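Data block below; observations after.
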Amino acid sequence: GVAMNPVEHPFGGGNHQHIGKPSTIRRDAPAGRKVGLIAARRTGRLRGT
Amino acid sequence: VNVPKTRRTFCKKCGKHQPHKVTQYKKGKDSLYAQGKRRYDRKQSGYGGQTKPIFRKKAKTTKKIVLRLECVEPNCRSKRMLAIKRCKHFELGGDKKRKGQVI
Amino acid sequence: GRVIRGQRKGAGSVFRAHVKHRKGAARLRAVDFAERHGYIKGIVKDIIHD
RNA sequence: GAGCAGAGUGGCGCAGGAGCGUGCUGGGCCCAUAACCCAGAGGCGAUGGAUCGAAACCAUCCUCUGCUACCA
RNA sequence: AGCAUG
RNA sequence: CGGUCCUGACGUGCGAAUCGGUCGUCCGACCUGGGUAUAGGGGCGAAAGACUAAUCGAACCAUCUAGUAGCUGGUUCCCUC
RNA sequence: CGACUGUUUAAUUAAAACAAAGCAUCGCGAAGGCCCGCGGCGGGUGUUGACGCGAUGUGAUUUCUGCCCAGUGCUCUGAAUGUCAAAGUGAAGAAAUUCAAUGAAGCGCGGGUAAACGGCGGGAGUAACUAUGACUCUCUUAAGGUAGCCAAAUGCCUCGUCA
RNA sequence: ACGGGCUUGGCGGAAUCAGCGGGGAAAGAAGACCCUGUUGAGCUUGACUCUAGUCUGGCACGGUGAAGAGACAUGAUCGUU
RNA sequence: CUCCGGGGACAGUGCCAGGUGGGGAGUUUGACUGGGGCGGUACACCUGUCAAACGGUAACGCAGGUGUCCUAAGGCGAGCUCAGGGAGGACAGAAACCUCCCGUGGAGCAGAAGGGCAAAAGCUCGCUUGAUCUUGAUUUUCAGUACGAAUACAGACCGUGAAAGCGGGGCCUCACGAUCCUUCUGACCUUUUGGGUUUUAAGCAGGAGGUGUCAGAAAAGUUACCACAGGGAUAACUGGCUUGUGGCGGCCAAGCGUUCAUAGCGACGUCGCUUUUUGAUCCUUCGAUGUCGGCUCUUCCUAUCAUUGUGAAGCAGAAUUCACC
Ligand SMILES: COC(=O)C[C@@](O)(CCC(C)(C)O)C(=O)O[C@@H]1C(OC)=C[C@]23CCCN2CCc2cc4c(cc2[C@H]13)OCO4
Ligand SMILES: [Mg+2]
Ligand SMILES: [Mg+2]
Ligand SMILES: [Mg+2]
Ligand SMILES: [Mg+2]
Ligand SMILES: [Mg+2]
Ligand SMILES: [Mg+2]
Ligand SMILES: [Mg+2]
Ligand SMILES: [Mg+2]
Ligand SMILES: [Mg+2]
Ligand SMILES: [Mg+2]
Ligand SMILES: [Mg+2]
Ligand SMILES: [Mg+2]
Ligand SMILES: [Mg+2]
Ligand SMILES: [Mg+2]
Ligand SMILES: [Mg+2]
Ligand SMILES: [Mg+2]
Ligand SMILES: [Mg+2]
Ligand SMILES: [Mg+2]
Ligand SMILES: [Mg+2]
Ligand SMILES: [Mg+2]
Ligand SMILES: [Mg+2]
Ligand SMILES: [Mg+2]
Ligand SMILES: [Mg+2]
Ligand SMILES: [Mg+2]
Ligand SMILES: [Mg+2]
Ligand SMILES: [Mg+2]
Ligand SMILES: [Mg+2]
Ligand SMILES: [Mg+2]
Ligand SMILES: [Mg+2]
Ligand SMILES: [Mg+2]
Ligand SMILES: [Mg+2]
Ligand SMILES: [Mg+2]
Ligand SMILES: [Mg+2]
Ligand SMILES: [Mg+2]
Ligand SMILES: [Mg+2]
Ligand SMILES: [Mg+2]
Ligand SMILES: [Mg+2]
Ligand SMILES: [Mg+2]
Ligand SMILES: [Mg+2]
Ligand SMILES: [Mg+2]
Ligand SMILES: [Mg+2]
Ligand SMILES: [Mg+2]
Ligand SMILES: [Zn+2]
């Protein structure tokens, strides 16, 4: 997505390839916005079980 | 400012000067069945969004103080509205300020 | 903006599965009296890769 | 150059009716030094003004610190 | 419970 | 099959993108004919806002439409006061 | 600089850009997750079932992946005072109407999370030639930039200083 | 406010050929830079106003019984909810 | 007597209601401006000056202020006189309080400035609410429109003083706001429609809630992917006026030059030239005058580095400086 254009993806655009907004989107987001980590309970590297 | 709770002034129903009771005027609750209110409600009902302007750019930080004068005569009970100049602080029946005292 | 590709995937124009060379849908035997009460035996004939 | 922040005990700081931890000095414990305990001394950048009264309010200055000075 | 140094 | 460099030729050209030499790949994520599917705020995109009939940061055709323009251009014979 | 092969603006850019395997998160056990559709017992993934499908970031191999949950997001539990629409209930009134209680999700309140978006200080004194200053004092944050790397495709001063 | 034409001077001689690139503020394209317009479009969000979808409550489809807490027609059966 | 199982009055659907919702739609994103932007408010008001001795008069001119404050700092009446200075008195002093004298305002009058004011317009006392109800007229800005502010009356009802009088806010110049909508106040008020009673609603008059872009739209950005209508009314390059700045050159002569102002320099001052520096301006050019460097090539200037001919040195030679054609 970051390699795309803003007209094409909610992440595309900018002078640097950066998402620019939190990657965790809520479950009740409309189609066309519900990208990234879909309603993530947690993120990052797992530590343990 | 400071305004005493009792004042002797002209009364319209009696036709001469009478003592009065002075209280600050407070705006009443908006009616749900005023002509303007129900016209606005019907206009807003439906589709189309906001139909009337909404004021946003406040400029004034003071409102004119309006006094409610009630004739103390038992069988008159006449009322008037007396507006004074706008002021930041207002109180009724404050203690009189006296000079020649140690601060 | 424009419709994203994950959103385009729903119509299945060029995103439908390629299923010409598949050998069929793998399913268990249907329920009937024989297997409900007793049993029946079948011979294994081929083992295919689909 | 315009806006803006900040000058206060030896050093770093709090803040309308001059102080903190550290430093310094005297005495204690110890053979002695630090640590520890008991006390003490030390001073609002300048000018002018509002105010019964200001380090704190309002202007001008003396420094110092940061932010912008784009587009061709 | 704290107890560095010559 | 493609299109680096000469920023060469040409640049009212042979050509509304061609020519020459030099170049990249050449058993694969390979090249290709026909059939077939996806249609305009839609498709499709190994992603350049690229491509969608010489047209694409929203195709083309007709109509609403003689759209509006505080803005450019023009505005047709004579004499007299 | 990019691992490589590959791809790209037909007609000014073939590249360090895209992709790629590798790595790491996220959702979902089917009345489901992601998505299409004006509409239906509608439709794609799906002739599918977690060694699967869907959404993302980074980008072969080697060696590592430091601290911060305060900010914005995401997500987890609803009984303390909370708030909170419509409908329904009760009462007053001739009735329109008014009042009162009760009261869903959400927002508050309380945990988790950075291979989520992102962030990662200043001022003084100090060693027996000067000079640095391991060390100490202080103000301060959610944390005050760790391992590494450099006038670099990243450094104004700058044509920095030495070779 | 850098004339081929005007003023003052210098001066001037038919018709032509091959080159040339000083000048004609040479040609192309109603400047793409900048500003104005109460003209726009692509895109974004903490702009204003809405909206698909989605979460939740009520009503209807919408039934048959038994137990618990209840308002009910100072303990209790009987029936209204 | 339901084809078998599995759920089941719950999914679900239909209609309302509350959240969420740049996924998507529509729109907006002030003006003045020595180009625009950043800055500022010269956008609504007041004081002195500019302002050229009636009045009026501009610039992002100069120096300042306002969006308040006041039950008295409003209104009468009476009695006093202030700033400061001098001479005295136990603690007491440079500064505490008491006494006399001088004292035209040198004080104070809420605020910025200007004006005005002494048995007062200031200070202290006593009483009070003319800061109240009402119709017109006039002034100021001015279109002789409005708001705001002010003036002179008139009619009630009052305060104060013995009274004459004074007073319907602040000693004067500032201190503030339309239509529509909402809210309160007033009448033995009008309508509420085929008649009547009663709630309700709408009228009439006066206040209040506010528009500071202040005669008063409801309003965030980006475009280096960009479009259109225009502008030389307006920038970037060239040309023009100027010359602060840069460059160059003079006059005077304190001093340097072992003595010696001027061989060569020359401070404190002062007078010019050039457009090969940068500034200021915006006159030409936006229906287009091809922007920086280097290459190539011609010509011109002199403010002369070398060369020809010279004059002067702190010019012995050599070398080096100053000046001339
Ligand atoms: C085909 O390319 C063209 O046409 C040229 C062009 O694009 C290029 C300039 C620019 C992109 C900035 O516009 C242009 O606009 O030139 C304009 C022109 O037309 C030729 C006339 C002007 C006006 C009087 C002389 N000068 C000549 C060059 C020029 C140079 C400039 C400048 C403005 C101009 C203008 O500003 C900074 O330097
Ligand atoms: Mg891109
Ligand atoms: Mg978007
Ligand atoms: Mg509605
Ligand atoms: Mg090419
Ligand atoms: Mg060529
Ligand atoms: Mg040719
Ligand atoms: Mg479609
Ligand atoms: Mg491709
Ligand atoms: Mg791009
Ligand atoms: Mg279209
Ligand atoms: Mg037309
Ligand atoms: Mg106009
Ligand atoms: Mg490569
Ligand atoms: Mg190309
Ligand atoms: Mg990632
Ligand atoms: Mg990390
Ligand atoms: Mg958090
Ligand atoms: Mg380091
Ligand atoms: Mg020519
Ligand atoms: Mg034009
Ligand atoms: Mg054009
Ligand atoms: Mg205009
Ligand atoms: Mg909003
Ligand atoms: Mg939008
Ligand atoms: Mg628009
Ligand atoms: Mg404008
Ligand atoms: Mg005159
Ligand atoms: Mg008097
Ligand atoms: Mg009168
Ligand atoms: Mg007075
Ligand atoms: Mg109107
Ligand atoms: Mg009726
Ligand atoms: Mg009737
Ligand atoms: Mg760009
Ligand atoms: Mg001009
Ligand atoms: Mg020039
Ligand atoms: Mg000069
Ligand atoms: Mg001498
Ligand atoms: Mg002019
Ligand atoms: Mg041309
Ligand atoms: Mg030319
Ligand atoms: Mg000469
Ligand atoms: Zn009365």
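Our numbering is plain: 1 for the first residue shown, then up by one each step along the chain.
A Cβ is built for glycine as well, from the same backbone N, Cα and C atoms used for every other residue.
Listed in Swiss-Prot:
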- B:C11, B:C14, B:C71, B:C76: Zn(2+) binding site (BINDING)
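Each residue in B:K12, B:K13, B:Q18, B:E73, B:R77, B:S78 lies on the same chain as B:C11, B:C14, B:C71, B:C76 and has a C-beta within 8 Å of the C-beta centroid of that Zn(2+) site, without being one of the site residues.
According to DSSP, B:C14 (Zn(2+) binding site) sits in a coil region rather than a helix or strand. Taken residue by residue with DSSP, B:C76 (Zn(2+) binding site) is part of neither helix nor strand, so it is coil. Sequence-distant contacts (6 or more apart, same chain, Cβ under 8 Å) of B:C76 (Zn(2+) binding site) comprise B:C11, B:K13, B:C14, B:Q18. Of all Cβ atoms in the protein chains displayed, 21 besides its own lie within 10 Å of the Cβ of B:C71 (Zn(2+) binding site). Remark: of the binding-site residues B:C11, B:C14, the most isolated position is B:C14 (fewest other Cβ atoms within 10 Å of its Cβ).
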